[PDB]
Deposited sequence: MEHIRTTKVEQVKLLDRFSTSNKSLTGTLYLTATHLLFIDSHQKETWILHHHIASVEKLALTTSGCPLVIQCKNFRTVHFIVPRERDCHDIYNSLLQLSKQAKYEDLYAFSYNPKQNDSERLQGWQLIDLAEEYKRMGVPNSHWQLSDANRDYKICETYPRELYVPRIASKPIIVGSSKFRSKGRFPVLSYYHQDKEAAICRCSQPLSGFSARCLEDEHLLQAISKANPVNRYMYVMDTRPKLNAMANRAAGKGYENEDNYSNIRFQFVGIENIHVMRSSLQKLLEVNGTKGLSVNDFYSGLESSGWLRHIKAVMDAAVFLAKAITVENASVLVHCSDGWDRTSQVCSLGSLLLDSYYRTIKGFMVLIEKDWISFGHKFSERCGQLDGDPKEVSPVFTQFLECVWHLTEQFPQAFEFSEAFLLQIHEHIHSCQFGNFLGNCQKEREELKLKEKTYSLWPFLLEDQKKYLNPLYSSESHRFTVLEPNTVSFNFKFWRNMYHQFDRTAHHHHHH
């Protein structure tokens, strides 16, 4: 579309033609002076009442430049206005399914859907708080950490100033906090981010906090720390606690590559799976050339280690790696699933995700692409977790209440955004987006169709699962790969 005799108003206002494409709105002056306005630069666009000299169209740009045009005919202006609105629309959460999806729930039924999972009852299920552990108001208003829940559990020995200090020495402020307590063995699973152990940076409160966790364990005074090496493969620190300054720690390599290597691996997987005109030999060659199986295999190994450190040689473990939200979330969860029967329940698996990913800020919006954020901040970290829980159902066909159907359906709604549960990257924004009042919860939806997901071969009711890994047993999940491309 093209409009002639248009005026770009200026009190210091020449006439020209105004062109409109899908890329930009271009104004060519009577002389030749071209003014370009890329649609993705428009902040706002108004259209004031028609005057004796034309229809005014004001455009506000993202660099604070306001442009004023006079389009001769209202008809022409009206088409430019309506198409500038369509072409200047930016990525929003309110555009997602969850905000429009309404299954005739008279609001009261919706509020009860969010109150279904109460983590204050999950921690109380594990006997927390007790004399060893307590709750801290440290995040009551998201003060100490942003990507952490409002309610946090720390040792009853460790006090308020110890917490404030540690958070300042840990990446993103994700300080050592209780991820799971074992009532019977009195051992703990703690989660955090890497410490900023730059050159010879020392933080007393952090040293004292790790000391508090070991001292909270009345059976083993030796603690474990899970991370990546050689030379850390995940600026102000090599992210390792200095063993000379933390004289009560043991280190173990997880060997699990970063989110960029995960996304890359999956590309070659879906690139092999998605393609046809292949051979059985060539398909699996390319399938293993992706090293995707090697990735999930090394994920499980970290869970197998963490469970063995709690079960065999009773000792509290600290999982952090780097940012403590991707691989730390994977291990903390998979580990806790191997040692607790309740998390193998349908409702127990919902409370597990709700705690370890939803409340403890997993970046779903960033890793799953809920908006138009960074392509590099996108990886299948919760897909890898579910594939690990699948291998466990294939390993132990009686230990889990649910089957392959429950996992695939959880994997469906994360990629569908029908429910406001995995919307955002942390619990602070989830509350800011008013999801508990604007959307609907997935968990009570699956708590209706239980029958289909239910494993009939399941043993009604308390031991620790021992999954094996020898490269051979680990094999491809065809029903997973099918969800990305249905061919």
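Stretches of the deposited sequence left without coordinates are 1 to 3, 16 to 23, 246 to 249, 477 to 479, 506 to 512, in sequence order.
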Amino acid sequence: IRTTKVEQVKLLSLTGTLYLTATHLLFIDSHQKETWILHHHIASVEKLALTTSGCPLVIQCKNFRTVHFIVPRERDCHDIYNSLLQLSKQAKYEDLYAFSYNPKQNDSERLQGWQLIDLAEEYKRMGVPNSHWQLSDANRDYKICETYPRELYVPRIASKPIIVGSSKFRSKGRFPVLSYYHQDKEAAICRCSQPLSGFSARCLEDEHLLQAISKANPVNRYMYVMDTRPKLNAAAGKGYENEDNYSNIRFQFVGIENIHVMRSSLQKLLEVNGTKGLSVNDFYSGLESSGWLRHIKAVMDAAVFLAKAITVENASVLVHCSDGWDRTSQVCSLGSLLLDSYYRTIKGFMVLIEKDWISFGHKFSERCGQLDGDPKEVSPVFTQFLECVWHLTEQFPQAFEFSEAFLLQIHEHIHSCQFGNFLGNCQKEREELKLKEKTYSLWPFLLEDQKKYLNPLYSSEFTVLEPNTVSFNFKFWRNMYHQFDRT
From here on, numbers count along this sequence of modelled residues.
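For the pair 108 to 116 and 340 to 348, the mean Cα B-factor is higher in 108 to 116. The question of which stretch, 327 to 335 or 277 to 285, has the higher mean Cα B factor is settled in favour of 277 to 285. Ranking 103, 361, 198, 176 by the C-alpha B-factor listed in the PDB entry places 103 at the top.
Looking at 403, 264, 159, 147, the one whose CA carries the top B-factor in the deposited record is 159.
Among the modelled residues of its chain, residue 238 has a C-alpha B-factor that falls in the middle third, as given in the PDB entry. When all modelled residues of the chain are sorted by CA temperature factor, residue 189 is found within the lowest third. Ranked against the other modelled residues of its chain, the C-alpha B-factor of residue 4 as given in the entry falls in the highest third.
In this PDB entry, residue 65 carries a Cα temperature factor that places it within the middle third of its chain's modelled residues. When the CA B factors of the chain's modelled residues are split into thirds, the value for residue 312 lands in the highest one.
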